[PDB]
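Chemist: got an experimental structure here, sequence first:
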Amino acid sequence: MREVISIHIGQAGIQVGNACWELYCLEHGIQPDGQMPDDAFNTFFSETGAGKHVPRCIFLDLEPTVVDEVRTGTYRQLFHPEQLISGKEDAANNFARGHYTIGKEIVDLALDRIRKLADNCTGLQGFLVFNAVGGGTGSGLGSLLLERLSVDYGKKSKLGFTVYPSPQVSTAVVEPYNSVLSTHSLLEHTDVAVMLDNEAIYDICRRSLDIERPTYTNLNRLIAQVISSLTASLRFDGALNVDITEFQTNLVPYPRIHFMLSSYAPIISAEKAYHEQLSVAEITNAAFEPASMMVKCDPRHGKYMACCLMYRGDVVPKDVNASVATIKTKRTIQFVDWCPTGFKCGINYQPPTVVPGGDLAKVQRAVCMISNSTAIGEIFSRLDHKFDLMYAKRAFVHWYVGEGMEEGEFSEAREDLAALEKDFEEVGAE
Amino acid sequence: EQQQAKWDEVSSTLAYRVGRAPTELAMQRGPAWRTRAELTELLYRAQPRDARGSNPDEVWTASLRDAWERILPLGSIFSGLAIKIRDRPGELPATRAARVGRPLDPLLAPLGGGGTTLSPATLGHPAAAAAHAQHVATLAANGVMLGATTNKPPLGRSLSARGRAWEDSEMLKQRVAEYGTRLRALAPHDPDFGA
Amino acid sequence: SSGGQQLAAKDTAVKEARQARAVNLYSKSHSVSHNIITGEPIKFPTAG
Amino acid sequence: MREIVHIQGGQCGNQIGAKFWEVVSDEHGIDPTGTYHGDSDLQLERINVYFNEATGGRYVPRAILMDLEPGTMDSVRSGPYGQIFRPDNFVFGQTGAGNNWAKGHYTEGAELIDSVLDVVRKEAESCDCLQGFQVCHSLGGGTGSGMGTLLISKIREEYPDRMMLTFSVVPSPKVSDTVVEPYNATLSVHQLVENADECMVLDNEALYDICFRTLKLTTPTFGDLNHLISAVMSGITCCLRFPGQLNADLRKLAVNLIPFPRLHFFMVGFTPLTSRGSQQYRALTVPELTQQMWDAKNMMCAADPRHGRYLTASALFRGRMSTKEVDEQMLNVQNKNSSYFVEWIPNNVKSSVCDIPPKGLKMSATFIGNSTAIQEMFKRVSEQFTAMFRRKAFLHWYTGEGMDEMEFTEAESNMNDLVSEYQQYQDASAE
Amino acid sequence: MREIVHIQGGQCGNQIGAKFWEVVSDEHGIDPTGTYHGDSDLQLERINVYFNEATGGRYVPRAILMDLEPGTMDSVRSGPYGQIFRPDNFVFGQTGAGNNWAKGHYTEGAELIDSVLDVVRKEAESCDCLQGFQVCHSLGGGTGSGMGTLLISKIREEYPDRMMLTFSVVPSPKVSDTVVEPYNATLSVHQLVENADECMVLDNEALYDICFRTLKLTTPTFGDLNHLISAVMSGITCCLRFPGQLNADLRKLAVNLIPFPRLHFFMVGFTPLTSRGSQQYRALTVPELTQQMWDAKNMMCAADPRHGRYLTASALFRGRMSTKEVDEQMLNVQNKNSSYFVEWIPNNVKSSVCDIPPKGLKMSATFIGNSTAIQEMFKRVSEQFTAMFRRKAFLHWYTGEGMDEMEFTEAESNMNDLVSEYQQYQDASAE
Ligand SMILES: Nc1nc2c(ncn2[C@@H]2O[C@H](COP(=O)(O)OP(=O)(O)OP(=O)(O)O)[C@@H](O)[C@H]2O)c(=O)[nH]1
Ligand SMILES: Nc1nc2c(ncn2[C@@H]2O[C@H](COP(=O)(O)OP(=O)(O)O)[C@@H](O)[C@H]2O)c(=O)[nH]1
Ligand SMILES: Nc1nc2c(ncn2[C@@H]2O[C@H](COP(=O)(O)OP(=O)(O)O)[C@@H](O)[C@H]2O)c(=O)[nH]1
């Protein structure tokens, strides 16, 4: 009834969707077969006459391997076969390939299934698009689909949980190129874009989870827990319910500035669990710690503009107010002069469910801090030099040109990220 | 009046401090949001029923007796509370019937009040997009490669400044062309908020 | 017919589930055992 | 036979109204199924003020619940006292106002307001004589504040002479729950000033302080704060529902409190609020109730009375009490604190006495203070609104819902006019 | 002792009649074996209106079932009350009319019509006194429309003075079932205007809406629609069957409803039609019944009364009720909605009261409205008929059954004249 349509594009999108849907199935009690032994699942699942609940999700990818892993995995009887959409040729880390030549038919079929899915929803709170800025499928096809949704669906709230490349560590070479292109695209389509960095989540797993060998499964589990914390107010009741439509108005000062840091707390393994108090004040301070940011961007360089806190579990409103008042009186945390309030608290009575086989511990309290802060322009500043350093020699440019792209598009994307730099500088300024 | 004057002062100071034009500003992007909202509402209202959704209930039960209202219960009979959708297909509700443009805004004068400009040639920023594209084409024809040196940072013109705002989408043009007759039926004329 | 009996059984089950959710909501809303004003024990209203 | 139509707006308003209806149903001996089980004649004597007779012995609250999102009143229906309400009185949308006053007043509330007024008219016309309407909601929220202001405007237009009572949860000073609280509050204060006849100001942080100092709770949820607010809500009208030695209806309280039409904002408080530890140690007496009443910590509004001066102050006492005791106590209070009381009003206390106290209390007293202290609350709201407005943070949402920019200017101007009125009467000298 | 001869035509007519007889037998306490197990004297007091006594205690309906295909009344016999009907009253042919009005009226209906009239005359002569006949069938079908109209003509010739009441299921406006529905309806309306004294227009789409919006059902089969039709068919004649404080027979209803002979087409509705959830929550009073009665959503005719003007309107209430209440409610309705009522009739409501409500219900009320709104339904049927007749599609089947193309034009002209009369009395001004 408060349905949100889930879209997962590219390898990273689909692989974080794996963890997300495992988490949602565990949270609502839905077995992998499709049915469970009120109406809290309607946000993520549509129940059929036979009792089988099918998730309102769409797995879009131009490479068949990742989707076939889902088709053969434990969740083969849960997902809809036509909802899993598989391409023939991968985008090959080419934004032009994923946005101009291969992506057209796939996105047409994607909008077909998305229209069918949205028909089965009475209301529609919005879309949750999980993709990977830094690869052709994520960048190109994701940008194309976001344009499609923005134009046709229109005023539905699209939350893009994008993963940008890390400052130093990376796995692709044209990753600055396609990242700049997809940021140029999604600056104008998504309503709230959640920033993620693999380096930051790796550091989180290394220090807090004590995982010396973090992997994509752990990263995606953490991301899934963050998104479940985001959506807990849609599916479970609690004091200070926060809505998907409430997020933007409470968090977006200006149309372009909608990129948001996400930070979960606590991140503690079972062995370290139940050994500290993990009170509301302590978990709030941990959430505001610079290291807890899921993006390699120090909050101290910038100033917070808005901070939306999602509390899950046994949280009392005086405790949230006392913790946040201590945060305001803290000297390290600095807000802009023009947003004296800058805080959007929302509590929920459902503690975060734990995935068996994971490292996260069963904690009766959880906080997801999603903050709009002017600091995040630093990551765009990094990519703005990573891009132009290669573009000066026009390396790998012919690959993008071959699939229907032009020098003007590269130049315009660089211009637009420079514009975003100036926008962050200006929101930081008095 | 005093707050208007301070808006000019604040915007001038910010533009001086940063370097971008006062029009290409975070604060002065409210009208763009309003135009986008109006466009989305009009595009949602102007759709054939298949595009609006092939829902058997929405298509038949609402349409019967031209009631156009559906009962959505919120649980069992014991809840007994439900939503009347009360949706009339092909008509804007009176609340959203109004189109709004700022006619006194000094900065919005070049566009002419914004609004809906529902004709495809009028969507977005046609003049700015044409000028930017022509300049790019002239540079390409003269062989003037851009981004020669990394120490030269980009100018930083906005999406609307370069003519790639959300209202400038090629999909927006295509879909308004598709839905044009019904879009005319809903909104016969573009208000011309400037005058 | 058996249909009416099954419908009545479903209605009773719905009532029981609603009572369970109501108990959960009351327990979560109230923080201390006694009443905050007019100090007195408080229970679920019930009386049905 | 002077009926009151209750209306609840937004999540905060709906929760507070549900707790209030639980309290009033208890006070009138109504079980959650609606049957009367009070075993007391006075409880049924004036049950028609809040309730209507159903087909059986059931009694239905004359309450109308509004929202733009279904979750809050799904929880309300599934709550302990959710089954009393007629489902036809639940007027809700599908897409909630995203804490956007513009969304709750112009775009999304405008379609729902037709059904809202239809239900309001249906409930009001059935009333024999209508004392008025009471609307519970929160400033600083989209659906709550927006629909509350819109409905208050509509009801003011339809029923000009009928009483308008509002219980608005004003945003707290230190901690702001939502970011756009100053915008929503400034927009809603503008409407309440113009339309609402009588308005109570509430602050969550003041409630936390009172419940952690006086009541000394360890983990006070919104359930306990809503219980306090509901206690005040009952105590304000108990003279209508029960016989009183010196009774006072809502209009009598309004006449005795409001000196000038726009200075109708009040800070309210309830006594005696006692911690469970010192319940046996305290002496439940009229002087004790008065001293606890006039304490600055007892006020549920953030503003403290000491900074301002009391224009007027009403106190509705409940219980078998000595009117001489009450009058002497209040005269002694005014004499001792003459600095805190306005000079040009010879008597600053409106004492009411009801013969029926709430269950468990042999005596009780609710306090309603019109003082110039609320000036500082409005001043803080203005200081936040100016800071956010100056740069237009989050203003594009209100612009995109079809609101002129000068609507904010007009709201802020009216609020500053109210502030300067309070200052002028605070420093106004006799002759 | 004023007998009514029930006749069913076509599969739709037969199923509606089966549901109606089930409902009537339940009201009179007759088990499907025909024996009386009702345990109430008023039930047997006037059972002879619809039933005849067999050798034992068995009661046989005065019903006559008509068809050209045997499967439909095979299903009727297989239905729960299939064995009460006398087997000799089943008149049915070999080849069903393929939705062909010409086949059901001229070629195949001619042979069966002799047997049909024989059974009708045999049932009518057994009657002590005959109020008349009630014929339930569906326009837009071959055997139903054709045989019904032909039998109606024959019975009108035989017994001109006796009442003829028709329950015709006019093809639905939006969603049509068969292609030739406009042809059959156009041919049948021309016959009904000339022959039928009193006619009720029913629409499956209107029944679906009443059961979707009032009854709030999920998957309403034809059985539910037939159940509502049967409830109204009972409620119209319950005055003949039960004692009433102010009784009114079919002839009285026709006299008070029909101002001019050709304007005898009515829209009908039943109250209280209630959802399961709000059964406890609804206040079951005469004003509530009237409010639900005059709602357009309660009409079983697709045409909404708001567009037209109520020429006349009868309200047959059932239950121990206040005649002052009923009369005041009717006068208040007329005064409030005077725009929707014709001016040159001082009182447009014929109120009747029966003392015995339907089983399970404390109260009920059936409404019969003669209003000019049905003009738009006939207009729409003409808008389909003219479009198809311009290109003469599917006309060859009718032409091959031996009916002139002149008959189509004459029927269309008659229907257009009826539309013109309805508009004329819609816009007629007094003096
Ligand atoms: N956090 C996280 N990131 C991932 C994961 N898998 C891939 N990524 C990131 O996603 C980026 C590329 O994503 P995709 O575009 O989907 O890769 P693809 O599916 O082969 O599609 P193309 O690269 O366009 O051909 C890589 O640079 C990785 O950094 C994952 O499991 N977790
Ligand atoms: N006393 C009390 N206050 C509440 C409750 N829920 C929310 N609030 C307060 O109400 C304020 C506004 O929320 P609200 O208007 O309901 O949001 P909306 O429903 O979207 O309009 C917030 O600042 C909360 O602090 C509650 O249950 N009790
Ligand atoms: N209300 C109702 N309508 C029916 C039922 N069965 C059929 N109809 C409708 O009646 C219309 C006419 O069909 P009908 O006259 O029975 O066919 P015929 O008997 O062969 O002439 C069809 O379009 C059906 O939609 C029923 O049981 N109830």
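Modeler: That came through, no problem. Residues are numbered from 1 along each chain as shown, chains lettered A, B, ... in the order given. Ligands and ions are numbered 1, 2, ... in the order given.

Chemist: rest of the way, CA atoms for contacts and neighbours
Modeler: Fine.

Chemist: now for the nearest residue to residue D:35 once chain neighbours are set aside: which residues touch it?
Modeler: Once flanking residues are discounted, residue D:35 sits nearest to residue D:58: 4.6 Å by C-alpha to C-alpha, 6 or more residues apart in numbering or on different chains. Taking C-alpha atoms under 8 Å, 6 or more residues apart in numbering or on different chains, we find residue D:58 in contact with D:33-36.

Chemist: by neighbours, which of those residues wins?
Modeler: residue D:34 (23 neighbours; other C-alpha atoms under 10 Å in any protein chain shown).

Chemist: by proximity to chain D, which residue of chain B wins?
Modeler: Ranked by C-alpha to the nearest C-alpha, the top residue of chain B for proximity to chain D is residue B:34, at 4.0 Å.

Chemist: from residue D:397, how far off is that residue?
Modeler: Distance, residue B:34 to residue D:397, by C-alpha to C-alpha, to the nearest Å: 8 Å.

Chemist: equivalent analysis for residue C:45, please.
Modeler: To residue D:397, residue C:45 is 43 Å away according to C-alpha to C-alpha.

Chemist: just want to know which of these two has more residues nearby.
Modeler: residue D:397 (26 against 15).

Chemist: which ones are touching that one?
Modeler: A:249, B:30, B:33, D:100, D:102.

Chemist: next SSE downstream of the host helix or strand of it?
Modeler: Taking DSSP states H and E as the definition, residue D:397 sits inside helix D:395-400. Where DSSP H and E defines the elements, the next helix or strand beyond helix D:395-400 is helix D:405-426.

Chemist: that next one near chain A at all?
Modeler: No: Helix D:405-426 lies out of reach of chain A by C-alpha under 8 Å from any C-alpha of the partner chain, never closer than 15.5 Å.

Chemist: buried residues in that helix, which are they?
Modeler: By neighbour count with 16 or more other C-alpha atoms under 10 Å in any protein chain shown, helix D:405-426 contains the buried residues D:408-409, D:411-412, D:414-416, D:418-419, D:421-423, D:425-426.

Chemist: now tabulate the residues you listed in CSV and tack on distance to residue E:271.
Modeler: Below are the buried residues of helix D:405-426 laid out as CSV (distance: C-alpha to C-alpha, whole Å):
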residue, distance to residue E:271
D:408, 51
D:409, 54
D:411, 50
D:412, 53
D:414, 53
D:415, 53
D:416, 57
D:418, 55
D:419, 57
D:421, 58
D:422, 58
D:423, 62
D:425, 62
D:426, 63
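
Chemist: would you mind listing what in the stretch 301-431 of chain D touches chain B?
Modeler: Counting by C-alpha under 8 Å from any C-alpha, the residues of the stretch 301-431 of chain D close to chain B are D:390-393, D:395-397, D:399-402, D:409.

Chemist: now with 6 Å, please.
Modeler: D:396, D:400 (C-alpha under 6 Å from any C-alpha of the partner chain).

Chemist: again with chain A
Modeler: Proximity of chain A to chain B, by C-alpha under 6 Å from any C-alpha, involves residues A:119, A:151, A:154-155, A:188, A:254, A:388, A:392, A:415, A:418-419.

Chemist: please check these and keep the buried ones.
Modeler: Burial by neighbour count, judged by 16+ other C-alpha under 10 Å, picks out A:119, A:151, A:154-155, A:188, A:254, A:388, A:415, A:418-419 from the residues of chain A next to chain B.

Chemist: among those residues, which are located in helices?
Modeler: A:119, A:151, A:388, A:415, A:418-419 (DSSP state H).

Chemist: ok, which pair from those is furthest apart?
Modeler: Pairwise distances across those (C-alpha to C-alpha) peak at 44.4 Å, for the pair A:119 and A:388.

Chemist: all helices for chain B, in order.
Modeler: Assigned by DSSP H, chain B shows helices spanning B:2-18, B:30-45, B:49-52, B:56, B:94-97, B:126-142, B:159-162, B:170-178, B:180-186.

Chemist: out of the ones you listed, nearest to ligand 1?
Modeler: Nearest to ligand 1, of all the helices of chain B, is helix B:170-178, at 22.7 Å by C-alpha to the nearest ligand atom.
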